[PDB]
Amino acid sequence: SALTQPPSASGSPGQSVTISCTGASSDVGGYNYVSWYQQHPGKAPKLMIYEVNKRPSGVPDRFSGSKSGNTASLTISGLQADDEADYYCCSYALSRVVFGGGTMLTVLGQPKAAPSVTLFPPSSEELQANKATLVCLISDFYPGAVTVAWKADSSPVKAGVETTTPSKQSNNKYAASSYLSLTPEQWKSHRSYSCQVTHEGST
Amino acid sequence: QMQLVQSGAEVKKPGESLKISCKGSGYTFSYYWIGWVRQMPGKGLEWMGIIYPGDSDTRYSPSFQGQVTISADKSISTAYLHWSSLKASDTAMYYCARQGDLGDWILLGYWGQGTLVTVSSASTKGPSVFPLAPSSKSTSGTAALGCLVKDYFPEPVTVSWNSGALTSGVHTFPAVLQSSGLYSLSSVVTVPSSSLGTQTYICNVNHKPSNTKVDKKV
Amino acid sequence: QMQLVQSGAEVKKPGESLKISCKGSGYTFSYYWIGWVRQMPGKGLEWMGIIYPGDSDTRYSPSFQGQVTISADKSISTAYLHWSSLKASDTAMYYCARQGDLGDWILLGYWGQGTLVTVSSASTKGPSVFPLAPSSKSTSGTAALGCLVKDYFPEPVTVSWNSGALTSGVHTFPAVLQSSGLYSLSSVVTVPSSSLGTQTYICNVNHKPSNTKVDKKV
Amino acid sequence: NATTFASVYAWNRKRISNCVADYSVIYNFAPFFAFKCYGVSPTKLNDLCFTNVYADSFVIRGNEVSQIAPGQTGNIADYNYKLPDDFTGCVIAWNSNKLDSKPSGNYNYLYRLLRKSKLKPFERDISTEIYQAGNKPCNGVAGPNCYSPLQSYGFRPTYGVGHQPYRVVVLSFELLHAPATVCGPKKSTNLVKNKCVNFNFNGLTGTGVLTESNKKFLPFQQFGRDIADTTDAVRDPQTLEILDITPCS
Amino acid sequence: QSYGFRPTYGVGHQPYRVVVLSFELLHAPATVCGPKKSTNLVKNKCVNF
Amino acid sequence: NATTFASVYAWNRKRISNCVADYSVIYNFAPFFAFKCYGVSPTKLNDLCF
């Protein structure tokens, strides 16, 4: 079977967190066929917890494991800066290892913030050619949820629009970017377009 | 000392064979199960199969039975991973793992370094830089100059200002995957409105997979 | 050419692990039984066990079953001898042997160079050189100048005269193990009584484990 | 397909019920060291039915496979796993030197070297008490007159064939005529009446005529035999009616 | 279906040549007798045959 | 527990008498390729006399 893991976890330094793992199979040998791995971004994973009632050498006692029924738990007593990594659980009961979705680890959150609107008109160089693209930049907002809607003189237009919501940097806030591709004749056929953020209200 | 060394990064195209290797040293390479794990960019770990160095007893994953073959050379203590008719979805990070002195026979306590396959079949487009002119018709607030990078297939693209100067104010936004498969990002810098073109306010875009050095001011 | 090379001398303290090795070359390291032989200072040979390079079929001595473990690396053609929780009685000369092309399988026709293993509770300490002044009150006979090396744990110590000069007359006597675990030797040179201090008559004592360069005349 | 089985003294039994036994999935495995059925033929299990079938799993040192058999004696047979003289089943054992063996030594298996009395068939003794061999009352600690009865194995791949760990699977099924659930992949036809036809309800082959008598069978009763132990009345597995088996003309 | 006979495979997948010698032991004119020598044909006396 | 045996044409016969026949020590030896008895069962030697 396939294992299920939460998408992400959060925890302040000093407190403890628990990672759930549901879907482990079993056989006539036992029910403790659950192992945990830690993989930092940019390197190979490392075996942290296997045979949850035990643990390998060279691993601090901060990492603990348990299992109740078909649900496994990974208990970490102390959280530090070097603990941010993806933790996967593995079920190796029926002669077949299955890795879960994984949960990236990071610490507690931050207060909410306010999106940007930075709208740039089509450049003169691209206007000289047969191409045009509107660029609306959104940044400085904490809640990673925003949908960009374009309008052409109070008329909604959704032809050729793409938007994502990545993370800028360790500033704990996210960013966004949208591009509206259109012909220069369509650009010069109306007034200046508007970029709507709709983060929490109209902007 | 026990350690696992793998082959370097390999970049090929769909419809071409590939055979990566991962040599293990510091231990008896006859009794420890050697396997391979696939990790897609942004996804979790995926197991494909394991082999036994003593005699060829291969147990492949049900989703990787005939899609990939695994072999090893006991004479030189080196495990191999051969591919045939690669596809666009085969680009991922592949590790080699082995069982430890404690645990089950598929515990995979030790790991290697990592060999990433990087493919897709499309078109490495030369990016076209367009200077994002500031709001010359409305200087209310703070001026913001930038350039538009568009129509380029390889995602890694470095953008600098004045050969790396003007560190403050520059904020680079990650690109977005368009429908045509080409990415596009934008980098701007917040400057005072009265400082339009202080020294040059020139963009600097570099693209290694295509070797295009484009420098344009605004 | 077949030959067995071993590791250098290993000096440790009781309660510390030790793993010496002995590499064999010039022959097929898969069918010749490799073993180890202990020889205490002043005692005979003591056999501990043998191993097989193909598969580890260890036949330990009844007095060395769990007291020591033996292993080998077939990939590099090298046998090992791992120790755990060494004692004061483990200091002895250890050899590595192998079966020959003729004879029984435990004949041990070939041998190694020998590894000197010593263990003691005393730690390293730099030697204190004291100049053995000649009999200035009685010059009857031949003058004899020297220096006194004392309070040094590592046994190997080289003593020269005038940076290696004055070969004739110099006779170095082996040291004696005191109750405190520190050795002490003495080196003198027979010179005519009328030649007191010909050029300099200076001692030269070198101690590599402590890196102490002591030069003192008399 | 299990990574690790149980110990000899702690052999685990798996109950099987409401199944469609297709033993063809076992033949495609590696050639087993000992595939011997003491009551049936291995190629005939797919054409029969079983009332209660249990699967036992344990790993021994390989050369002791001769002790897992009716009427055998030894350390495993008399102390860990005993088979009755009237055993009716199959024994499956194969080499597992690649799975349950380590080059440094796998110490996850015990075999209860010593025991006070001989063990009875189909019993489990997982007691970890100190075997008191002497006269002095052992106080739960190792001494000159009482040692640990549970000894560990030294499974290493360097040992030749015979000392390697061998996984043994004992299939103990009951072929007695009784209401069963596992009746292979045998398919069903319709029910004719008052005519000389063949019948195969749960593996019972023969020739007779069904009459649908008024015999009152109990819920735990499905087959009925005459003076000569010839089955003259059967309960249909699907329909709860009773049918007699009378010989033809 | 074709076989995948390769020397890397262990016992259980290697090619094994099988030769089946089917005989007919019923009394009939035979021509495949063993390498046994023939003797003289004595008659009218109790002898082995 | 012998280093070398004898030849086939010169097979050595060892007479055994005045001892305790404990065949349990033979099972922990090197695994035998064929342990087949033709007159008794191998597990019954520890209950009979010769």
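Per residue of A:100-108, what is the mean number of Cβ atoms on other protein chains within 10 angstrom of that residue's Cβ? The mean count of partner-chain Cβ atoms within 10 Å per residue comes to 1.
Placing one equal scatterer on every Cα of the stretch C:160-210 and applying the Debye formula, the log10 ratio I(q)/I(0) at q = 0.15, 0.23, 0.26 Å⁻¹ is -0.53, -0.96, -1.10. The other copies place their B:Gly42 label points at 7.8 nm from this one, listed shortest first, where each point is 7 Å from Cα along Cα→Cβ. Just checking the listed ones, B:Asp151, B:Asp104, B:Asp90: in the Gaussian network model of chain B with Cα springs under 10 Å, the one fluctuating most is B:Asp104. Computed over the protein assembly as shown, the percent of Cα pairs more than 58 Å apart is 42. Distances between equivalent label points of B:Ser140 across the copies, with each point positioned 7 Å along Cα→Cβ, amount to 12.3 nm, shortest listed first.
The stretch A:160-203 and the stretch B:20-81 have Cα centres spaced 47 Å apart. Sum -39500 (n - 2.57) across every DSSP H segment of at least 4 residues in the protein assembly as shown, then divide by the residue count to get the 222 nm mean residue ellipticity, nearest 500. Value at 222 nm, helices only, nearest 500: -500 deg cm²/dmol. Normalised by the number of residues in the stretch B:1-97, the average gap of Cα pairs under 8 Å and 6 or more apart makes the relative contact order 34 percent. Here's the list of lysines a cross-link from E:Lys45 could span, going by alpha-carbon distance under 22 Å and ignoring same-chain residues fewer than 8 apart: E:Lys37.
How large is Rg over Rh for the stretch A:90-203, taking Rg from the Cα atoms and Rh as the Kirkwood inverse mean of 1/r across Cα pairs? Over the Cα atoms of the stretch A:90-203, Rg/Rh equals 1.18. Each of C:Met48, A:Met104 was scored by other Cβ atoms within 10 Å of its Cβ. Arranged with the fewest first, they read A:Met104, C:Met48. When chain D is treated as a GNM with alpha-carbon contacts under 10 Å, the residue of D:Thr207, D:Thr230, D:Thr189 showing the greatest mean-square fluctuation is D:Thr189.
In this assembly of identical copies, the label point of B:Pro14 (Cα plus 7 Å along Cα-to-Cβ) is separated from its counterparts by 7.3 nm, sorted shortest first. Of the residues A:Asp140, A:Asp27, the one with the fewest other Cβ atoms within 10 Å heads the list, and the complete ranking is A:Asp140, A:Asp27.
Ordered by the number of other Cβ atoms lying within 10 Å of each residue's own Cβ, fewest first, B:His207, C:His82 fall into the sequence C:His82, B:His207. Of the peptides B:8-15, A:169-176, the ranking by mean beta-carbon count within 10 Å, highest at the top, reads A:169-176, B:8-15. Filter the cross-link list C:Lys12/C:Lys43; A:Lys112/B:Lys43; D:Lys44/D:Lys186; B:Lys12/B:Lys125 down to pairs whose alpha-carbon distance in this structure exceeds 19 Å. From the list (C:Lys12/C:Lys43; A:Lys112/B:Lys43; D:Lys44/D:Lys186; B:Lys12/B:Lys125), the Cα-Cα distance tops 19 Å for C:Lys12/C:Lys43; A:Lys112/B:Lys43.
Measuring nothing but alpha carbons in chain C and taking Rh as the Kirkwood radius, the Rg to Rh ratio lands at 1.12.
Shown for chain A: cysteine residues without a partner Cβ closer than 4.7 Å, namely A:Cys90. Please report the antiparallel percentage of DSSP beta bridges with both residues in the protein assembly as shown, rounded to the nearest 5. Percent antiparallel among DSSP bridges in the protein assembly as shown is about 95. For the stretch A:28-177, the percent of C-alpha pairs falling in each 5 Å distance bin, counted from 0 to the bin holding the largest distance, reads 2, 7, 12, 14, 12, 9, 9, 9, 8, 7, 5, 4, 3, 1, 0.
Residue by residue along A:43-56, Cβ atoms of other protein chains within 10 Å of the local Cβ number 4 on average. Checking the Cα-Cα distances for A:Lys54/C:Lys87; D:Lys14/D:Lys116; A:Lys46/D:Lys98; D:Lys36/D:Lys98; A:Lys158/A:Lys188; A:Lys46/C:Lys74 against a 21 Å cut-off, the pairs over it are A:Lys54/C:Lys87; D:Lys14/D:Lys116; A:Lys46/D:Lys98; D:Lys36/D:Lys98; A:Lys46/C:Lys74. In percent, how large is the relative contact order of chain D, given Cα pairs closer than 8 Å and 6 or more residues apart? After rounding, I find 24 percent. Listed as lacking a disulfide-compatible partner in chain D: D:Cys19, by the criterion of no other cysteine Cβ under 4.7 Å. The value of relative contact order for chain C, using C-alpha pairs under 8 Å at least six residues apart, is 17 percent.
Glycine gets a Cβ as well: all are built from the backbone with ideal geometry, and neighbour counts include every protein chain shown. Every number in this text was worked out from the coordinates using simple rules, so none of it is lab data.
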